[PDB]
**Student:** 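Mind having a look at this structure? Questions to follow.
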Protein chains: 2
Amino acid sequence: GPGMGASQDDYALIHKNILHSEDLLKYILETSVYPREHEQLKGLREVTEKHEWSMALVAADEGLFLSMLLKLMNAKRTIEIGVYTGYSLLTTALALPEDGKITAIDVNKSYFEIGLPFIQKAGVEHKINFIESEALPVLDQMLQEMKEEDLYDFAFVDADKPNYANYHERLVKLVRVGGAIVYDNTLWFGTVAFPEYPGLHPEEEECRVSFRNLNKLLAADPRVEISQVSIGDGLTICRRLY
Amino acid sequence: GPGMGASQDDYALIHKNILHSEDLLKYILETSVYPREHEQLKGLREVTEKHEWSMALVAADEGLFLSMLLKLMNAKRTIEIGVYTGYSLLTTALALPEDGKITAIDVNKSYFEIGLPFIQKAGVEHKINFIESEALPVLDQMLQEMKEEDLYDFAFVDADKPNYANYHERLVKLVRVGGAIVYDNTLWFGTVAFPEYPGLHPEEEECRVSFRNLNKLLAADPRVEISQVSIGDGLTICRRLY
Ligand SMILES: Nc1ncnc2c1ncn2[C@@H]1O[C@H](CSCC[C@H](N)C(=O)O)[C@@H](O)[C@H]1O
Ligand SMILES: Nc1ncnc2c1ncn2[C@@H]1O[C@H](CSCC[C@H](N)C(=O)O)[C@@H](O)[C@H]1O
Ligand SMILES: O=Cc1ccc(O)c(O)c1
Ligand SMILES: [Mg+2]
Ligand SMILES: [Mg+2]
């Protein structure tokens with residue numbers, strides 16, 4: 001109710017990691033990520049680390065992996081659901097060719113305005129069409145308008161976790177055959193490995209349950225082939241088969 | 001030569017994981033890997049788990065990830081360095097198109113013949129050209145005979161770890177521009193994070209130092225873009241730039 005509002009300090013999982021030690025994750029970042037990170041990504045990350053919802057920021061080693069996937073598959077048209085301050089969005093815009101196009105959807109444009117100066121300085125603002133809205137109505141409107149020529153090569157899903165299965169039903173129609181759908185956070189701080197987990201915030205527990213259900217659904221879905229990858233907070237790559 | 005024993009039982013790191021949770025790795029395998037694993041890959045994995053060098057076997061979640069990369073980049077011609085019983089090789093042969101081709105190099109064909117019945121039953125043996133040799137002389141012969149139109153789309157490097165830097169100098173000329181080179185085990189049980197790590201077999205220590213050097217070299221190499229991925233025992237994806 002009324003008060004000071006939602007803080008990430010009310011959450012139990014902030015300080016959890018899936019790798020063996022903090023030293024191993026720090027090694028990966030210092031050795032293989034920061035030397036390869038665009039200066040505008042570094043600036044965007046450093047401001048976002050000070051923000052009240054910094055827990056949501058995509059892991060930087062995951063960012064470089066998404067960039068690699070976009071280049072290897074020659075993606076040109078992508079969709080991002082869940083923008084926050086724009087780290088994965090700027091990563092994507094830097095990876096695409098000059099004529100690449102991104103549809104970016106987030107309910108809160110004020111977060112996006114934090115990252116927008118870095119996107120402009122990087123010279124890739126022209127690739128981004130940002131839409132301030134809940135994603136589900138936008139996706140349903142796309143399904144009535146988009147033709148086969150406009151299908152996306154790649155979707156990154158990093159928004160409200162309990163809605164992922166709902167996003168999946170739209171995205172298997174909005175991404176081309178042979179295209180990729182990537183779901184962030186599918187290992188949810190390691191909590192998915194347990195049928196019950198003590199002391200979580202109600203929203204954290206709702207996400208543990210939803211990801212356990214989502215991971216089973218994706219593994220059984222004949223419309224896609226999958227790979228769940230223990231990078232960052234876990235991601236699942238889906239490739240559309242038909 | 002004469003010296004100390006260097007069998008698998010002589011190594012210290014066999015059971016060490018890069019993920020901090022054994023339950024999380026089992027969850028990934030049981031939820032997202034085994035339901036998606038080809039029957040012949042399952043049989044090959046089960047035999048190899050009993051073999052005296054079972055620690056060398058590529059992780060099954062990494063297998064599905066490699067398959068996903070190959071499909072998303074539409075690879076058609078690949079090279080594998082380090083075959084063992086053939087798990088990554090069968091993964092690759094199953095992922096490629098019907099007319100895809102693999103050049104597979106290993107010093108020990110007897111290992112390959114353990115997995116060969118599974119590869120034959122999968123119906124993809126015809127894609128594989130197995131070469132029984134040390135890899136370095138083969139790659140140098142390829143540099144002499146390779147034409148630009150025959151460059152590989154994808155290379156998987158999983159053989160003798162101290163030689164990876166030597167392999168890299170040939171493979172950046174044998175893979176096409178825009179192609180991928182994947183180096184397996186670049187986190188080496190997490191020991192790369194530390195300048196010193198007590199209690200290692202001398203060959204394990206040699207690989208720790210070798211990978212610390214390689215990870216620095218790859219992060220600084222302008223010929224490639226990289227992404228180090230904390231799946232399996234760690235891998236590094238390189239994409240050739242010029
Ligand atoms: N229903 C909804 N539709 C669209 N965006 C939503 C949403 N519910 C939450 N979000 C947004 O999802 C985002 C999750 S954080 C996303 C992180 C970002 N991709 C990065 O690279 O760091 C938040 O910005 C939140 O505002
Ligand atoms: N110099 C060399 N040239 C080619 N192969 C070598 C080599 N030194 C060692 N090897 C081979 O490298 C292999 C490493 S284990 C390879 C694992 C396999 N790719 C999998 O999917 O499980 C062993 O089979 C070993 O015989
Ligand atoms: O909302 C919490 C949150 C936490 C971690 C994430 O990666 C994310 O996208 C969201
Ligand atoms: Mg996320
Ligand atoms: Mg290996």
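Residue numbering restarts at 1 for every chain, and letters A, B, ... go by the order of the sequence lines.
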**Student:** Taking atom CG of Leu171(B) and atom CD1 of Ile181(B), what is their separation to the nearest 0.5 Å?
**Tutor:** 5.0 Å

**Student:** Would you tell me whether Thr85(A) and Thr48(A) have side-chain atoms, one donor and one acceptor, within less than 3.5 Å of each other?
**Tutor:** yes

**Student:** Return the CE to NZ distance between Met142(A) and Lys173(A), rounded to the nearest 0.5 Å.
**Tutor:** 15.0 Å

**Student:** One pair to check against side chain to side chain contact (heavy atoms under 4.5 Å, CB included): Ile105(A) and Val83(A). What are the steps and the verdict?
**Tutor:** CA-CA 7 Å; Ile105(A) 307 168; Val83(A) 174; 5.9 Å; no

**Student:** Within a strict 4.5 Å, meaning less than it, do heavy atoms of the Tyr152(A) and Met146(A) side chains meet?
**Tutor:** yes

**Student:** The test is side chain to side chain contact (heavy atoms under 4.5 Å, CB included); show your working for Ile81(A) and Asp158(A) and say whether it passes.
**Tutor:** CA-CA 6 Å; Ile81(A) 300 166; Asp158(A) 197 16; over 6 Å; no

**Student:** Would you check if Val192(A) and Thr31(B) make a side-chain contact, meaning some heavy-atom pair closer than 4.5 Å?
**Tutor:** no

**Student:** Are more than 12 heavy atoms, taken from residues, nucleotides or ligands other than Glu134(A), located less than 6.0 Å from that residue's CD atom?
**Tutor:** no

**Student:** Grab the two heavy atoms, one from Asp221(A) and one from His168(A), that are nearest each other, plus how far apart they are.
**Tutor:** OD2-NE2, 2.7 Å

**Student:** Name each donor-acceptor pair under 3.5 Å that joins a side chain in residues 50-68 of chain A to protein atoms two or more places apart or in another chain, with its distance.
**Tutor:**
{"residue": "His51(A)", "atom": "ND1", "partner": "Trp53(A)", "partner atom": "N", "Å": "3.2"}
{"residue": "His51(A)", "atom": "ND1", "partner": "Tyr84(A)", "partner atom": "OH", "Å": "2.7"}
{"residue": "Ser54(A)", "atom": "OG", "partner": "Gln8(A)", "partner atom": "NE2", "Å": "3.2"}

**Student:** Mind checking the CG-OG1 spacing from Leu69(A) to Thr92(A)? Nearest 0.5 Å is all I need.
**Tutor:** 10.0 Å

**Student:** Here's a test for you: under salt bridge (charged side-chain N to carboxylate O under 4.0 Å, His left out), which of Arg240(A), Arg77(A), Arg176(A) qualifies with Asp153(A)?
**Tutor:** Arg176(A)

**Student:** Under the ring pair (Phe, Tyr, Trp, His ring centres under 6.0 Å) definition, can you give me all pairs with a residue in residues 199-220 of chain A, not counting sequence neighbours?
**Tutor:** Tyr11(A)-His201(A), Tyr164(A)-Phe211(A), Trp188(A)-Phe211(A)

**Student:** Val124(A) and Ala93(A): which non-hydrogen atoms are nearest, and at how many Å?
**Tutor:** CG2-CB, 3.6 Å

**Student:** Quick one: does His38(A)'s side chain get under 4.5 Å of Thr91(A)'s, heavy atoms only?
**Tutor:** no

**Student:** Using distance alone, with no hydrogens and no angle criterion, decide if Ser21(B) and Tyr27(B) have a side-chain donor and acceptor under 3.5 Å apart.
**Tutor:** no

**Student:** Under the side chain to side chain contact (heavy atoms under 4.5 Å, CB included) criterion, do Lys42(A) and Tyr34(A) qualify, and how do the steps go?
**Tutor:** CA-CA 8 Å; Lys42(A) 171 183 164 63; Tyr34(A) 300 151; over 6 Å; no

**Student:** Any side-chain hydrogen bond (donor to acceptor under 3.5 Å, both in side chains) involving residues 225-234 of chain B? Give me the pairs, sequence neighbours left out, ordered by first then second residue.
**Tutor:** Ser32(A)-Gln228(B), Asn185(B)-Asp233(B), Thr186(B)-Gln228(B)

**Student:** Counting only heavy atoms not in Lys26(A), do more than 12 fall under 6.0 Å of its NZ?
**Tutor:** no

**Student:** Is there a side-chain contact between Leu72(A) and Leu72(B) in this structure, where contact means two heavy atoms from C-beta onward sitting under 4.5 Å apart?
**Tutor:** no

**Student:** What residues, two or more places apart in sequence or in another chain, satisfy salt bridge (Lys or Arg N to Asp or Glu O under 4.0 Å) together with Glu203(A)?
**Tutor:** none

**Student:** Can you tell me how far the CG atom of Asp23(A) sits from the CD1 atom of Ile28(A), to the nearest 0.5 Å?
**Tutor:** 11.5 Å

**Student:** Quick one: do the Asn213(B) and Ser210(B) side chains pair a donor with an acceptor below 3.5 Å?
**Tutor:** no

**Student:** Minimum heavy-atom separation for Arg36(B) and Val224(A), please, with both atom names.
**Tutor:** NH1-O, 2.8 Å

**Student:** Might you work through the salt bridge (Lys or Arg N to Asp or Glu O under 4.0 Å) test for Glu204(A) and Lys161(A), ending with a clear yes or no?
**Tutor:** CA-CA 10 Å; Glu204(A) 289 174 317; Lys161(A) 319 300 171 204; over 6 Å; no

**Student:** Apply side chain to side chain contact (heavy atoms under 4.5 Å, CB included) to the pair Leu116(A) and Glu125(A), showing each step before the final yes or no.
**Tutor:** CA-CA 8 Å; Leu116(A) 180 60; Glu125(A) 184 191 20; 3.7 Å; yes

**Student:** Tell me whether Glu30(B) is salt-bridged to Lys216(A), with the criterion being a basic N under 4.0 Å from an acidic carboxylate O.
**Tutor:** no

**Student:** Output the distance between atom CZ (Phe130(A)) and atom CD1 (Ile102(A)), rounded to the nearest 0.5 Å.
**Tutor:** 12.5 Å

**Student:** Looking only at heavy atoms, which two atoms of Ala122(A) and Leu90(A) are closest? And how far apart?
**Tutor:** CB-CD1, 3.8 Å

**Student:** Can you name the ring pair (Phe, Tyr, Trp, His ring centres under 6.0 Å) partners of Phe156(B), sequence neighbours left out?
**Tutor:** none

**Student:** How about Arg208(B) and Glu196(B): do any of their side-chain heavy atoms sit closer than 4.5 Å?
**Tutor:** yes

**Student:** Heavy atoms only: give me the nearest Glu80(A)-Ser88(A) pair and the separation to one decimal.
**Tutor:** OE1-OG, 2.6 Å

**Student:** State, to 0.1 Å, how close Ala180(A) and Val175(A) come at their nearest heavy-atom pair, and which atoms those are.
**Tutor:** N-CG1, 3.7 Å

**Student:** To the nearest 0.5 angstrom, please state how far the CD1 atom of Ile237(A) sits from the CD1 atom of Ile226(A).
**Tutor:** 10.0 Å

**Student:** By ring pair (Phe, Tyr, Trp, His ring centres under 6.0 Å), which residues pair with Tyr167(A), not counting sequence neighbours?
**Tutor:** none

**Student:** Below 4.5 Å, heavy atoms only, C-beta onward: do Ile79(A) and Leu139(A) meet side chain to side chain?
**Tutor:** yes

**Student:** Does any part of the side chain of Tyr87(A), heavy atoms only, come nearer than 4.5 Å to the side chain of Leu41(A), both counted from C-beta?
**Tutor:** yes

